[PDB]
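Just so it is clear, A, B, C and D label the chains in written order, and each chain counts residues from 1 on its own.
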Amino acid sequence: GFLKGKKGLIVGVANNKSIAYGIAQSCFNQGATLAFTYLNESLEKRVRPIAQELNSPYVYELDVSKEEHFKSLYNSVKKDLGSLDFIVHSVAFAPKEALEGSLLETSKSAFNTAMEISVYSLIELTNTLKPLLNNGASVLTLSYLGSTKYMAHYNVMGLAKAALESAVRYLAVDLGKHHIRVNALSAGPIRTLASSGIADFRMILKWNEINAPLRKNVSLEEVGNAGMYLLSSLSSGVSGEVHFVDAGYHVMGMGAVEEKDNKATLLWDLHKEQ
Amino acid sequence: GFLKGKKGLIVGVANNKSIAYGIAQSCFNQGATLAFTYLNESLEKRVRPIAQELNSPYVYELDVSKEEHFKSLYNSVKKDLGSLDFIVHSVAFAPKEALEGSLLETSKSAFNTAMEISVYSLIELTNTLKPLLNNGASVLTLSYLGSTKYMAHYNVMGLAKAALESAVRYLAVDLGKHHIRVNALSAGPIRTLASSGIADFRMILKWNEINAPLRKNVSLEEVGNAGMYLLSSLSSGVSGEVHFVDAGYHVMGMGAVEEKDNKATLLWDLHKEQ
Amino acid sequence: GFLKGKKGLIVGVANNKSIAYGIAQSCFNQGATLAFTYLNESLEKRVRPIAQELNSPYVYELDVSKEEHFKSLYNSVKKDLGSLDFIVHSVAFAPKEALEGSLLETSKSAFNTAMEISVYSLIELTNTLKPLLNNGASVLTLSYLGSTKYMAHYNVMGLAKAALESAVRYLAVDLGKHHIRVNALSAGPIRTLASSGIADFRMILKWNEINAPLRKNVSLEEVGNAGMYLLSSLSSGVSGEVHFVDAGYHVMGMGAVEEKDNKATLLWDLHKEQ
Amino acid sequence: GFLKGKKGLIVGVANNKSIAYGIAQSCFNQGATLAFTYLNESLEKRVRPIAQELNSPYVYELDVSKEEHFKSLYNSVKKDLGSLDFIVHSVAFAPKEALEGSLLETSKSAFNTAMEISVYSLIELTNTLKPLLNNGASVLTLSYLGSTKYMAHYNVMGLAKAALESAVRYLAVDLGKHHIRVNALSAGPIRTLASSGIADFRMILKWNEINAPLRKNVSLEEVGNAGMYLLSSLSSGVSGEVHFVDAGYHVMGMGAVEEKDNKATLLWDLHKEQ
């Protein structure tokens, strides 16, 4: 495969429906040597079997909010793997309240919690493992249209992803010198532990399926393959790029209609709403 | 004037070169009643005469990192002016170190400092004064190209302005229901207290000057008129807009060369570099 | 006003609901000396009173597809006004067929007509009057979100507008040196002659009203006021800018929902579609 | 490979340095059965051997300016290959003058030639071959940063590329209904027949090399692999996307400076210019 002999660190796995898992699965099929991290011993209960299924004996603890966990991580991968060719940064969080209602009511607390866990953590993770990154290494993070466009109740998480994307741009220039790449994969809505916690997510998912050019929701396999590509030398001439894997949803300037032309009606007014 | 009888709150005045003042100056000539805020007593020594120079007796204290200041602001204007038609958010801060070197070396501390003072403050300032805002009210903040593009050692400030512009988008939806507008004016480099205290600023300035389409730097007056417009009814149809006042610089995909056709040479190699 | 003693050419008026009219009306109210053109004698019947109504006795014939009309035009304003401070390029066309169905069915013939009348015309109009443009002159054209986002059946006109926004960018660099500004005002949907001829235009309009941040359609006055600003010295620091005047519509990444939060319902499913 | 048993049409091969060839090469190594096309007999002398080396006996004539060639194409692929899984649209032309001097001097003639060969041809190519496109088919075209940013003397080609990306957006919606993908690969400067004939091209190249984050120029293999990715099921979740293979150049907001921080100096002022 295109990741043969390549070593990579996967951060974000919570279960087999995780974006990072789809990416790890895809990376595995291409011969990569993987390493995984887990937030707490409860998630490790799921990250471990997942890890075994992908020929990986490297499982470490890493709660991005605990700076000492980073110090341990550096020592871990340097001992167990010597070096890293790629990193997957698939982590984000914000209090449940922050994602409902408006951005106005956001508490300074929820703001910082979402900024730190979802943005700064990319900086700390990358700086921490910087001296262990081989030349040509690739750093991939996960974003969402909500960064540049308004998406119902995404709120502060929207402000985070915008900063996240900017960081990707600045990190690509900081590491470009040493031939290292940085990108963001902008996936469309998809069912995962984090999303199943968001209010009326089934709706966001229906609006995308019905109004997206390909008229479908992206699979975990599709997101995994786009990621794998971005992390492989297949894309060594690609950096500081925000790559959409959303069934083409990003192009829409309004609700789809194209299929119906009698008088032109919204596809929404005909599917799951009549 | 297009602001006669209109009441606005100006946040961000440090001296008479501040962007916030230019916009204030312009709104003044249009008949707006002005109100100013200062960070500390030291700054009040400069904000005071200015307010007086522009007919304003309503001067209040406001350090965005102090939440109790916000409740006072409220009571202060609710008592003095009763209502607000437009708010100017001209604030941004980050430690000196964070704006030099690389984004990678940024600390969790400077990060949270950059994000709070420069982004969350717009949220608290707005949500606080919300019930004092008349229908048709306009909220303007200031950003910089660094938000979506790499600019020399802008580092963490670039992440801030990226969330800032995204916050402008969500606030516009949050407050649009109530007929209120939220925009951002992305001004080009311009010499002010805060900018003069930034490494090699002389260079960013000259580069924009030579490479900009209008072949010059933007004046404080031009930024002020751009803002006055965004804050006047003249733009009642505008919202969630990042308005560029940069002498067209933002359109360049490389250094200028145009006038000289002989064999095409960078204007920079001909201007102040021979 | 901010256009006192300023002379500008207004191109594109068909009746009193035209965008070029709103722009004209607004510029008139600011002391501008206007001049108008007309496609044919039938439109001249409406461009004449309108022209009188705005203290303008300069009315010339101009069909952008007729190269000779441009030669007359130059001679006309050189005699009648000596010079131009601003220009309004408000012209667009494409066969009815091309604006329905898909982009795939567009004939080579419709493609060219749409590109010529809608894009090249800006190039010819500007290049022709270039010798009569005073320093600080401002060139304003009109575009629509369909340039960068897909909009129902906008098709080839979507391709035109995108080339047009890129044209705006290249012309700003070409004329930038001579202190001349070039911008585009991207207006939101609004009822006019050309639009009343578009299939199911009412829907585009309804959708914007319900889903736009300000929850209303933009008025002809708001478009004019924006254009006037773009054409006045008030924006002497703005160039190569695509300025949106759509009630904040461009920020939306999906249909509005906000006002209803029980389970978060689409405002569309509650307004003009129960 | 990821295109094993996948049949595609390669349009635009001029020699072993063409972008279309690199993509073909990368696709050939992924198991695809290829088919090529040539403009005139003078190019068939370079396409035939390339087609042979890549295992292809399907070499057809196609001058996008001639509509009859499209009818033959259809018949040629329907008879020789039965159906198509992917199409490569790597064609663009504009008169030599148009690409030098200013966009202002462009003639109506050259405007129409640029638009037609570089934009309309994507529309005819896809609509003609449409009945031969299998579900999940992928359509890829090539663009350049000049489409949305000013690039020296790119001029009218910049307008074409902007319409081209817009067409990619509308075509993606027209063919998505049938599960077909449409994307654009925006490559960075690279040595080809067409580019070699461009004014001051070495400069554009050195400028991207020094200012690009990965500090190099992209290779034909990288552009090739990026396109093969876009054209394979590996990217079945991506559509209407403009994908940048430019060593990350697009992220730059100004010239590079990074590595040097004595007073912060341009990398350009130190490399190939002292």
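Structure notes:
We take it that a residue touches a chain if its C-beta (ideal position, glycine included) is under 8 Å from a C-beta of that chain, and two chains touch if they have at least 3 such contacts.
Protein names from UniProt, one per chain: A, B, C, D = Enoyl-[acyl-carrier-protein] reductase [NADH] FabI.
Between chain B and chain C the centroid-to-centroid distance comes to 29 Å (mean Cα coordinates, whole Å).
The distance from the centre of chain C to the centre of chain D, with each centre set as the mean of the Cα atoms, comes to 32 Å. Residue numbers of chain B whose C-beta contacts span two or more other chains: 102, 149-150, 169, 172-174, 213, 240, 251-252, 258. Taken pairwise by the contact criterion, the protein chains are fully connected, each one touching every other. Applying the touch definition to every pair of chains gives A-B, A-C, A-D, B-C, B-D, C-D. Here chain A touches chain B in the complex through residues 67, 102-106, 108, 111-112, 115-116, 119-120, 123-124, 126-127, 130, 147-150, 154-155, 158-163, 165-167, 169-171, 173-175, 240, going by the rule given at the top. Here chain D touches chain A in the complex through residues 169, 172-174, 176-177, 179, 181, 188, 212-215, 218-219, 222-223, 225-226, 228-229, 233-241, 243-248, 250-252, 256, 258-259, going by the rule given at the top.
Residue ranges on chain B touching chain D, taken from their complex, read 100-102, 145-146, 149-153, 199-200, 203-204, 207-208, 211, 213, 251-255, 257-258, 261, 263-264, 266, 268-269, 273.
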